[PDB]
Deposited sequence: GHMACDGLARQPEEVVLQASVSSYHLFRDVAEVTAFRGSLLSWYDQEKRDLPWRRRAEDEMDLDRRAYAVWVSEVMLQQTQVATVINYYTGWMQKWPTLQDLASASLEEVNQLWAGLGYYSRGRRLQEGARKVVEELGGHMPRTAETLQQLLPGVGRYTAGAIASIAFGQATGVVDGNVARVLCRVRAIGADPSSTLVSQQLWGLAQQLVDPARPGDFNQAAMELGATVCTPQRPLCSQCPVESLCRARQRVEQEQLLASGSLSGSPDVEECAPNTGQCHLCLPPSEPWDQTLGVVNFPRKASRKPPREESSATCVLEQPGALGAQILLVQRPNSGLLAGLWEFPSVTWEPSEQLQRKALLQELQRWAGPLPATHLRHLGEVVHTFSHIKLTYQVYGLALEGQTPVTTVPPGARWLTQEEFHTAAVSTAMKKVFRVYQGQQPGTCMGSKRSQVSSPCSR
């Protein structure tokens, strides 16, 4: 931790001064700063910080304002359906986030009388989907509590400023980072300080090509001070790799490679009054892509003939007997999840001329807005481009 109170003070002043001048104009920042009711403000921050988990700012811009305009308050979100939530979340990824946001709103309404808890400890304790980061973000930004937070951005800044080379995922290191953040967080402007540290990590102290020469905390940064000395060395010196400079920190966490999986899926198309329709069925409410809609799918089979037989069996559960000779193998889609690389073999079957529950026939316009994973949107685009004679293009 920082040993000199003078430095802690300078860190805060420099960072906040830079932030007040350089911060990006972000929709949830404006909305939180401008909302005067505390339960509305806290809800607005809550939504944005859930959407931002493992998701880039540029992506969340496309979702946040639409969410807040539809469901401006806890109570609006609490009364909505999970199907509606999943439609709005389609494309954001990690769909349990949307589900827990709505469950959390229901819990605040039903069990806490509509009142958002006002401290990071009670937010974390009471709200599913709200871990230590989101709770401290809501508490500092919405309520002004002097709690510091560590996300990926802040961990990178702190590991460079303090030259921490050990593995940041380790319990010892993660503990040091949270203590540093709690030491540094400005008591009078805790929310802006936390947003400023994240902003610095996102726009200046970046994963690669950090802009140290424009950085507000350069003179306090240990990695920078070591790089400045080594820039001058007129002779080589023969785990710190001089050619990486400050990007030596943090130690690059290596992801476990993804499990390979394969599946076969079929787009079934039929004419309709208001346009052609395709068949969607609903996934189970647990596990991968829980509760989202998809084209009927079966697991992989060790021969083409077996694969077609399984697919037609699955398809017939939902549509009745179908012409097997019209089934076409159209292509494949290789879709990456964090832990699975899933290869879908795409089939189509267009019919030339009742619906069990758990199935839906949708037009092209209805499908574009439906609660479907991006994997299935890719599948549909293969069908669109490759199925002879389709009208869905």
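J.: Give me the ranges of the deposited sequence that have no CA atoms here, in sequence order.
T.: Missing from the model are residues 1 to 25, 264 to 287, 403 to 407, 448 to 459.
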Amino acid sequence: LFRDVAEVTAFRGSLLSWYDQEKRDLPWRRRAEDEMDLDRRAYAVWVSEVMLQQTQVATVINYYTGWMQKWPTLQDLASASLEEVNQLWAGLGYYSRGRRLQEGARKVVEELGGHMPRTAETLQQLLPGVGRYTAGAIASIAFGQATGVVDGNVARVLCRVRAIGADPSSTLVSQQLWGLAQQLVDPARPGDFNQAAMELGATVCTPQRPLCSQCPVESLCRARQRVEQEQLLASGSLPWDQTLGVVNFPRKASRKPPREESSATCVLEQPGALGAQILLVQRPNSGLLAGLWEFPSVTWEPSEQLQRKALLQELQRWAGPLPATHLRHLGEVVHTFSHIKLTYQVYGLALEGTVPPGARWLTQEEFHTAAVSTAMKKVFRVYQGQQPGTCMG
From here on, numbers count along this sequence of modelled residues.
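J.: Quick check on the record: does 223 to 231 or 247 to 255 carry the larger mean Cα temperature factor?
T.: Higher mean C-alpha B-factor: 247 to 255.
J.: Of the two stretches 171 to 179 and 202 to 210, which shows the higher Cα B-factor on average in the entry?
T.: The deposited B-factors put 171 to 179 ahead on the C-alpha mean.
J.: Can you tell me which of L330, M36, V45, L52 has the maximum CA B-factor listed in the PDB entry?
T.: Comparing C-alpha B-factors across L330, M36, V45, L52, the maximum falls on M36.
J.: Looking at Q270, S140, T265, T122, which one carries the largest C-alpha B-factor according to the PDB entry?
T.: The C-alpha B-factor peaks, among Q270, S140, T265, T122, at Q270.
J.: Sorting the chain's CA B-factors, does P27 end up in the lowest, middle or highest third?
T.: Middle third of the chain for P27's C-alpha B-factor.
J.: Which third of the chain does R118 land in by C-alpha B-factor: lowest, middle or highest?
T.: CA B-factor rank for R118: middle third.
J.: Is the Cα B-factor recorded for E84 in the lowest, middle or highest third of its chain?
T.: Its C-alpha B-factor, which the entry lists for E84, ranks in the lowest third among residues of this chain.
J.: Using the B-factors in the PDB entry, rank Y63's C-alpha atom against the chain and give the third, lowest, middle or highest.
T.: As the PDB entry reports it, the C-alpha B-factor of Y63 lands in the middle third of its chain.
J.: For the chain shown, is the CA B-factor of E261 in the lowest, middle or highest third of its modelled residues?
T.: Its C-alpha B-factor, which the entry lists for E261, ranks in the highest third among residues of this chain.
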